[PDB]
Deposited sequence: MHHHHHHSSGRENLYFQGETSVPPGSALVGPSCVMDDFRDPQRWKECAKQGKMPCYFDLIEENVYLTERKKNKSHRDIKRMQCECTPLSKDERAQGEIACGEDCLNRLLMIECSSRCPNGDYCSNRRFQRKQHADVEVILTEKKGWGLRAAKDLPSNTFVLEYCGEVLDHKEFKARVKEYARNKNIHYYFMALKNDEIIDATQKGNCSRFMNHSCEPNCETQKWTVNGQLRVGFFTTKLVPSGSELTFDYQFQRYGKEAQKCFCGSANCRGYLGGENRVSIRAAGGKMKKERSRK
């Protein structure tokens, strides 16, 4: 299968030409952060010393109060630049490639070994209210779309990556997945990202459990249909 790197999506003209010859997926509008279709209405970690930073100690690691609350730190974190709990904000994504699968369309694969319980990518898109979601559901069905790109975020917010999003929109479903979603608060706004739940070796497809298309995940426990 052909593959491509995330940076290949930054050049719209080369992409559209790659897409014409099947070497990249269909064009979509690449975004860095969620766009609201309709606009809506500090931890206790001790600052690491310069010595500790040099020693390789982690700032705002597993014991960070904000991290436990699933809240990212701000620029005002006691650890400032060294804070490791600003992953969404700093786009500290995993090394992933977009690949053409045998029967699912395009997907995502690990380009390096990915440790367990690490951030992969944020699921970005157009954030829809209930009314917008209703309309998009109807439109996509009218247009006979094969692939769907919806992800519930919170009450009255559903992310739609069909038209605008990032490479997260390519992560396929598996009944025995190696990633999960987590909803994180950044500056009082909720976002959602993919995180590994296992060590994913280099070359392996990244998958999550979506929640009537037959399922081609290939798992021994396959539930047979996407759900």
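Numbering the deposited sequence from 1, one finds several regions with no C-alpha coordinates, namely 1-29, 71-81, 252-258, 275-295.
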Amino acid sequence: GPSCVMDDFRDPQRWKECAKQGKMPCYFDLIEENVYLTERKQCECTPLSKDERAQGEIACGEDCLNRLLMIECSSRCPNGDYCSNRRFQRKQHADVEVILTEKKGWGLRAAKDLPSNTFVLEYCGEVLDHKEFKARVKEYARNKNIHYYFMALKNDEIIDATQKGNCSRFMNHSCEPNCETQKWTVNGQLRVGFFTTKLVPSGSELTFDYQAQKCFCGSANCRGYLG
From here on, numbers count along this sequence of modelled residues.
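Superpose the two forms; the largest set of C-alphas matching within 1.5 Å is the rigid core.
Averaged as a root mean square over residues and superposed structures in 9 other deposited structures of this protein, CA distances to the shown form are larger in 135-143; the pair compared was 71-79 and 135-143 with a core fit. Using the rigid core as the fitting frame, the root mean square C-alpha deviation in 9 other deposited structures of this protein is greater for 5-13 than for the other of 214-222 and 5-13.
Modelled in this chain, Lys183 is likewise built in all the other compared entries whose models extend past it on both sides, so a third of them omitting it does not occur. Omission of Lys41 is seen in a third or more of the other entries compared for this protein where the adjacent residues are built. The mean Cα B-factor in the deposited entry runs higher for 59-67 than for the other of 169-177 and 59-67.
Across the two stretches, 154-162 and 196-204, the PDB entry reports the greater mean Cα temperature factor for 196-204. Taking only the listed residues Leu37, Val186, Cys45, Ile31, the entry reports the highest CA temperature factor at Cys45. Remark: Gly105 belongs to the middle third of its chain, ranked by C-alpha B-factor as recorded. Annotation for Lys144: C-alpha temperature factor in the highest third relative to the rest of the modelled chain, per the entry.
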